[PDB]
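Participant:
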Amino acid sequence: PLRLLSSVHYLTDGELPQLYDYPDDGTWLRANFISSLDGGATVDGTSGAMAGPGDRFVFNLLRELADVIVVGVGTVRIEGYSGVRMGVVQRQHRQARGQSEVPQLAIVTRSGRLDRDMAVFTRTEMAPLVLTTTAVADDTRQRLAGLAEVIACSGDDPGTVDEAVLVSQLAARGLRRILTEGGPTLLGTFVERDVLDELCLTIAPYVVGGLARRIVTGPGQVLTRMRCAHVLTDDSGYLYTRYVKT
Ligand SMILES: NC(=O)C1=CN([C@@H]2O[C@H](COP(=O)(O)OP(=O)(O)OC[C@H]3O[C@@H](n4cnc5c(N)ncnc54)[C@H](OP(=O)(O)O)[C@@H]3O)[C@@H](O)[C@H]2O)C=CC1
Ligand SMILES: CCc1nc(N)nc(N)c1C#C[C@H](C)c1cc(-c2ccncc2)ccc1OC
Numbered sequence: 001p002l003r004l005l006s007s008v009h010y011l012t013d014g015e016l017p018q019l020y021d022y023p024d025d026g027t028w029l030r031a032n033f034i035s036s037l038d039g040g041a042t043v044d045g046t047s048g049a050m051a052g053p054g055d056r057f058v059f060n061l062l063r064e065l066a067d068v069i070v071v072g073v074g075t076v077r078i079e080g081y082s083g084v085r086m087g088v089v090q091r092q093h094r095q096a097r098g099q100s101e102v103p104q105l106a107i108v109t110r111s112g113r114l115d116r117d118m119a120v121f122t123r124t125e126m127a128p129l130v131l132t133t134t135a136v137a138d139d140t141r142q143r144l145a146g147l148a149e150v151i152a153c154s155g156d157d158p159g160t161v162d163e164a165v166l167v168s169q170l171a172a173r174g175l176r177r178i179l180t181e182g183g184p185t186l187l188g189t190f191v192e193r194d195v196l197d198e199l200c201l202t203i204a205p206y207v208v209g210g211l212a213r214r215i216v217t218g219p220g221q222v223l224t225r226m227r228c229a230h231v232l233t234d235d236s237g238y239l240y241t242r243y244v245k246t
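The sequence shown: position 66 = 66 (our numbering), numbered continuously.
Written out as structure tokens, the structure is:
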């Protein structure tokens, strides 16, 4: 029943994006996270310490393929969260794929409490989207006029975000190829409401002890079965995996 894996195939620079192709139609919510061997998501608050050149490469490539990046407000506040920086060649490939110069950025909040002076608003080329509830949308739209387009993503309850609606709200705006990179609360909701189509997980060859939290936090408890689509590796021992529901 058991089969041993090993490096069978070197990936040319055009084969690697075909592995991470989005579906030709429909909407698709992809998660990219990185994790240690013992399920540690962070090393002293950062996740950048476990990320080597390999992971970074896949990380930027995934950004290059996305119409939009969804991020929770907690992650966006953290020390050195930039605006999405597309290099000159990345912008080229995106144009050849008919996408815009840079992927759009969507910030999720239930509270609507974002500042006019946040890092995310200030040095991003293009004005980010704010995904929040019906309850707070209008006041948030006012408080951030000229910084962000504020979009209500409530379903049946005006006091919260319905994650399936969030996703549909993005598709509505031609932003059907979605990517999320954190934080663990947002991913938590995406998993609990079962709207996560695909998980891209980097397994860093480290153990970090028991202090770090997982790539997912929250009260949720589910058993979502996924299919292994591929596993990649480099000389440093990392595993770059792709899993699809169901
Ligand atoms: N796994 C990794 O690799 C990552 C690890 N981290 C680490 O984890 C910590 C941050 O964790 P967290 O604060 O959970 O990161 P988040 O990005 O998940 O911040 C979550 C915020 O998003 C808003 N929100 C509103 N509706 C939703 C919804 N439906 N789903 C999700 N979020 C929603 C809330 O903001 P409001 O309160 O305004 O409603 C909530 O507080 C940091 O210490 C950082 O070091 C950070 C990034 C990625
Ligand atoms: C590159 C790290 C990383 N790898 C993988 N496989 N999945 C992820 N979700 C993240 C991540 C991350 C968080 C969002 C993050 C990355 C980076 C970052 C990404 C790429 N190069 C330098 C920094 C900076 C700040 C960050 O949070 C504050």
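Backbone N, C-alpha and C fix where the C-beta goes; we use that ideal spot for every residue, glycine too.
Find out if the Cβ-Cβ distance for the pair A106, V70 is shorter than 7 Å.
Facilitator: The answer is yes: Cβ separation under 7 Å.
Participant: Closest to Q142 by C-alpha separation, out of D115, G159, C153, would be which residue?
Facilitator: When each option's Cα is compared against that of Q142, the closest is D115.
Participant: Let me check you understand the geometry: is the CB of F57 closer than 6 Å to at least one non-hydrogen atom of ligand 2?
Facilitator: The answer is no for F57.
Participant: Would you mind reading off the limits of the alpha helix (DSSP H) that contains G72?
Facilitator: No alpha helix (DSSP H) contains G72, which is instead part of the beta strand (DSSP E) from 68-72.
Participant: May I ask you to report which of helix, strand or coil DSSP gives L131?
Facilitator: Here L131 sits in strand by DSSP.
Participant: For ligand 1, is there a heavy atom less than 6 Å away from the beta-carbon of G45?
Facilitator: Yes; taking the cut-off as 6 Å, the Cβ of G45 has a heavy atom of ligand 1 nearer than that.
Participant: Hey, quick one: how far does the beta strand (DSSP E) through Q104 stretch, first residue to last?
Facilitator: Start and end: 104-108.
Participant: Are the C-beta of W28 and some C-beta of chain C separated by less than 7 Å?
Facilitator: Any reference to chain C falls outside this structure, which holds one protein chain only.
Participant: Under 7 Å, do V73 and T122 count as touching if we go by C-beta distance?
Facilitator: Going by C-beta atoms, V73 is not nearer than 7 Å to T122.
Participant: Pairs of beta-carbons, one from the region 133-148 and one from the region 209-223, closer than 8 Å: are there three or more?
Facilitator: No contact exists between the region 133-148 and the region 209-223.
Participant: Tell me whether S35 sits in a helix, a strand or coil according to DSSP, three-state version.
Facilitator: Reduced to three states, the DSSP call for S35 is strand.
Participant: What first and last residue would you give for the alpha helix (DSSP H) that runs through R91?
Facilitator: Run containing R91: 88-96, per the alpha helix (DSSP H) assignment.
Participant: Please return the same chain residues whose Cβ sits closer than 8 Å to the Cβ of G220, not counting the five positions on each side in sequence.
Facilitator: Around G220: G188, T189, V191, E192.
Participant: Along the chain, where does the alpha helix (DSSP H) containing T233 start, and where does it finish?
Facilitator: First-last for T233: 226-233, but that is the beta strand (DSSP E), not the alpha helix (DSSP H).
Participant: Could you say which of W28, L211, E181 lies nearest to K245 if we only look at CA atoms?
Facilitator: Comparing Cα positions, the closest option is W28.
Participant: Can you tell me whether DSSP reads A172 as helix, strand or coil?
Facilitator: Three-state result, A172: helix.
Participant: Could you check whether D24 and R177 sit closer than 7 Å to each other, using their CB atoms as the reference points?
Facilitator: Cβ atoms of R177 and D24: not closer than 7 Å.
Participant: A51: beta carbon under 6 Å from a heavy atom of ligand 2?
Facilitator: Correct: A51 has its Cβ closer than 6 Å to ligand 2.
Participant: Over the uninterrupted beta strand (DSSP E) stretch that includes residue 264, give me the two end residues.
Facilitator: Residue 264 cannot be examined here, being either before or after the span of the chain that is shown, 1 to 246.
Participant: Within 10 angstroms of its Cβ, does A172 collect 16 or more other Cβ (buried), or is it exposed?
Facilitator: The residue in question, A172, is exposed, as its Cβ has fewer than 16 Cβ neighbours within 10 Å.
Participant: In angstroms, rounded to a whole number, what distance separates the CA positions of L201 and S100?
Facilitator: Going by the C-alpha atoms only, they are around 26 Å apart.
Participant: At the level of alpha carbons, what is the spacing between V195 and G45?
Facilitator: So the two alpha carbons sit approximately 27 Å from each other.
Participant: Any idea what DSSP makes of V84, helix, strand or coil?
Facilitator: Three-state DSSP puts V84 in coil, outside helix and strand.
Participant: Ligand 2 and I78: does any heavy atom of the ligand fall closer than 6 Å to the residue's C-beta?
Facilitator: It does: the Cβ of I78 is within 6 Å (strictly closer) of some heavy atom of ligand 2.
Participant: Where does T202 fall in DSSP's three states?
Facilitator: It is a strand residue.
Participant: Can you tell me which of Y238, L232, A51, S236 puts its alpha carbon nearest to the alpha carbon of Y10?
Facilitator: Among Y238, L232, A51, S236, the Cα nearest to that of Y10 belongs to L232.
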